[PDB]
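Q: Need a 3D model of the sequence below.
(3 chains)
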Amino acid sequence: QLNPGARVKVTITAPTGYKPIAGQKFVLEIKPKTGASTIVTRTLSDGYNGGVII
Amino acid sequence: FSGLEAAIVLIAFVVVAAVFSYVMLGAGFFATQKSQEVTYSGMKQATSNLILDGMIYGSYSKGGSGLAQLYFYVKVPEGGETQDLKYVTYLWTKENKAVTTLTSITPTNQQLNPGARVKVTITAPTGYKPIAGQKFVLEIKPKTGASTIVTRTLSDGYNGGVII
Amino acid sequence: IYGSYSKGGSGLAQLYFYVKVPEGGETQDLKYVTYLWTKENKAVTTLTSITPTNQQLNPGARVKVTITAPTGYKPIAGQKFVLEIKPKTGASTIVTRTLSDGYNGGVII
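A: Numbering: from 1, shown residues only, chains lettered A, B, ... in the order given. Below is the structure:
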C-alpha cells in the first residue's frame, strides 16, 4: 500500500511478444481501483541502449 | 413537497459530477501526459541534431567516371541524443541534377553515442558521380533531427583527396 | 526543397521535398494531404500529381514527396512559387521560394 503523499518503484516486465525495441512507441495505462486512470505513452528514441526514457 | 425526492436527485447531481470528475481527471492526466510527451519529443527534436565533423574527403578516378567514394565524418554533439545511422538518409546531387537518395554507405548499420563520430563512406549512383569543377550537394538527414546540407564543388583540378 | 528543371522545357517540372512528422506527432496519411501551388502571384490550383499518392507516415518518419506543377504553373528562374502543405487535421505549412535567376536546376536554396 501507498499512504497518500508517498511513492513506490513500480517495475514492469512486458509480456513475451510486447517488449518494445528502439523507435517503437509503447503505452502504459495505470488504473488504480476507484480513481482517474492515467496513460503514459513513450517512444524509445531509435538509439537507446537503455536507461532513462526521456 | 418533500426533500426525500430532493435526495433522489441530489444523488444524480453528485454522481454525474463524480463521473465527470472521474473522466475529466482521466481526460486531464492524458492531457498532461500528452503535454509531457510533446515536450520530451520537443527537446529531443532539437537536441537529437547530427553534424558533419571536419573535412569531406573523397576517392577519385581520372580514367574512372569521377568522384566515387566520398568520406566525411559525422558526429553527435556532446549534449546530443544517441543516433542510428541505419535511419539516416543521404541525399545527393551532381551539378543541378534531380535528387536521388543514396544507397551505398559503409556504416549501413551502427549507432553513435552522443559525443562520438564515424567514418561515413558514400558512393554516388551510376549517373551522379561528380567530376572536377562540378558541384555536388549532400543532405544529411538524421531521423528526428535538424537536417544538414554540405555543398562542395571540386576545384577543376582535384586528382582526388581532400575536398577543401 | 529540390527540383528537376528544364531550359528547353517549360521550367521547374518535378519538385522534391521531404515531409516528416515530429517524433511526438500522430501518424499521417498522405492520401489526404493536399498540396496547393502558385507560380508568381497566379491564382491557386490544388496539385494533382504526387509520387507518394498512397502511403502513411509513422510519427518520426519521412517520405520523398514529388510535385509536378500543372501545365500553366511551372515556374521559371526568377519566378517565386508557394507550396502550402495541408495535412488532414493539422497545422498547415507554407513554403515559398523564388528560383534564383540562374538555376539550371537542382537544390532550391
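Q: number of nearby residues for residue A:38?
A: 17 (other Cβ atoms under 10 Å in any protein chain shown). The C-beta positions use only the backbone N, C-alpha and C, and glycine is treated the same way.
Q: try residue A:48
A: So residue A:48, with other Cβ under 10 Å, has 19 neighbours.
Q: Excluding chain neighbours, what is closest to it?
A: Leaving aside its sequence neighbours, residue A:48 sits nearest to residue A:22 (Cβ to Cβ, 6 or more residues apart in numbering or on different chains; 4.6 Å).
Q: Who does the residue nearest the centre of chain A form a beta bridge with?
A: Most central in chain A under Cα atoms, centre = their mean is residue A:28, positioned 4.9 Å from the mean C-alpha point. Beta-bridge partners for residue A:28, by DSSP bridges, are residue A:40.
Q: So it sits against residue A:10, correct?
A: No - here residue A:28 lies out of contact with residue A:10, judged by Cβ atoms under 8 Å, at a distance of 9.6 Å.
Q: Neighbours of residue A:47, how many?
A: Neighbouring residues of residue A:47 were enumerated by other Cβ under 10 Å; the total is 23.
Q: do the same with residue A:23
A: Count around residue A:23 with other Cβ under 10 Å applied: 20.
Q: Chain neighbours aside, what residue packs nearest to it?
A: Per Cβ to Cβ, 6+ apart, closest to residue A:23 is residue A:46, 3.5 Å.
Q: Around chain C, which positions in chain A sit nearby?
A: By the rule Cβ under 8 Å from any Cβ of the partner chain, the part of chain A lying against chain C is A:23, A:25, A:43, A:45, A:46.
Q: For the first one, give me its contacts.
A: The contact partners of residue A:23, by Cβ atoms under 8 Å, 6 or more residues apart in numbering or on different chains, come to A:43, A:44, A:45, A:46, B:84, B:87, B:143, C:60.
Q: can you tell me the helix or strand for the residue nearest to the second one when sequence neighbours are not counted?
A: When the adjacent residues along the chain are set aside, residue A:44 lies closest to residue A:22, with 4.7 Å between them (Cβ to Cβ, 6+ apart). Assigning secondary structure by DSSP states H and E places residue A:22 outside every helix and strand.
Q: so what's the closest residue to chain C within chain A up against?
A: Closest to chain C within chain A is residue A:43: 6.6 Å, counting by Cβ to the nearest Cβ. Neighbour list for residue A:43: A:23, A:24, A:25, A:26, B:41, C:23, C:24, C:59, C:60 [criterion: Cβ under 8 Å, 6+ apart].
Q: Can you give me the neighbour number for the fourth one?
A: The reference is to residue A:26. When neighbours are defined as other Cβ under 10 Å, residue A:26 has 16 of them.
Q: doesn't residue A:42 make contact with it?
A: Yes - assessed by Cβ under 8 Å, residue A:26 is found in contact with residue A:42 at 6.2 Å.
Q: Overlap in contacts, those two.
A: Contacts common to residue A:26 and residue A:42, judged by Cβ under 8 Å, 6+ apart, are absent.
Q: Return the set of buried residues in the helix or strand hosting residue A:42.
A: Assessed by DSSP H and E, residue A:42 sits inside strand A:40-43. Within strand A:40-43, the residues that count as buried by 16 or more other Cβ atoms under 10 Å in any protein chain shown are A:40, A:42, A:43.
Q: and it, C-alpha only, in PDB?
A: Written as PDB, here are the backbone C-alpha positions of strand A:40-43 (Å, rounded to 0.1, in the frame of the first residue of the first chain):
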ATOM      1  CA  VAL A  40       1.900   7.400 -20.300                       C
ATOM      2  CA  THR A  41       2.900   7.000 -23.900                       C
ATOM      3  CA  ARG A  42       6.600   7.000 -24.800                       C
ATOM      4  CA  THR A  43       8.600   6.100 -27.900                       C
END
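Q: Nothing else from me, thank you.
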